[PDB]
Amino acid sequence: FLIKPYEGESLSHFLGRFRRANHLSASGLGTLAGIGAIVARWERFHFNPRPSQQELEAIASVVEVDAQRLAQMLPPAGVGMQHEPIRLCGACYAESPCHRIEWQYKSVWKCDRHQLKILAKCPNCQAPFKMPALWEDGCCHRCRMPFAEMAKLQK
């Protein structure tokens, strides 16, 4: 089962969404692509060795999304990002149910489209968000508030 990426979707979110559509573990996707543990590293936003051309093309062969498009699920060259905290604009999620790579940019604190501060934890119960690959439903894993409803609590 193939999936079309959402605009701005992060690599972690896309990988997990592909895995859910195919009932794959991270190790299973890694074996399908021939790169093993690299998949789980990318899902946790760990790129001490940056994704190589061969690794991106290996994943591209499985998910049928070109390496160039996969690179747009990561920050451009020179744009620093953070693996933690995982962040969210609930108003964005209501429009398109994905985590955006921009929300991990170190320079980003406000959603430009919605002119709201982005969230660094659930505004109802304060639970931090899991890595985007594990965003199985669109709700806080603790209190079960929908990400879309968190828009109403954004400041």
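All residue numbers refer to positions in the sequence shown, first residue = 1.
For the stretches 66 to 74 and 34 to 42, which has the higher mean C-alpha B-factor as given in the deposited record?
Of 34 to 42 and 66 to 74, the stretch with the higher C-alpha B-factor average is 66 to 74.
If you take the mean CA temperature factor per stretch, which one wins between 102 to 110 and 46 to 54?
Result of the comparison: 46 to 54.
From 122, 59, 116, 26, pick the one with the largest CA B-factor in the entry?
Answer for 122, 59, 116, 26: 116, with the highest C-alpha B-factor.
Consider only the C-alpha atoms of the modelled residues in this chain, order them by B-factor as the entry records it, and name the third containing residue 20: lowest, middle or highest.
Ranked within chain, residue 20 CA B lands in the middle tercile.
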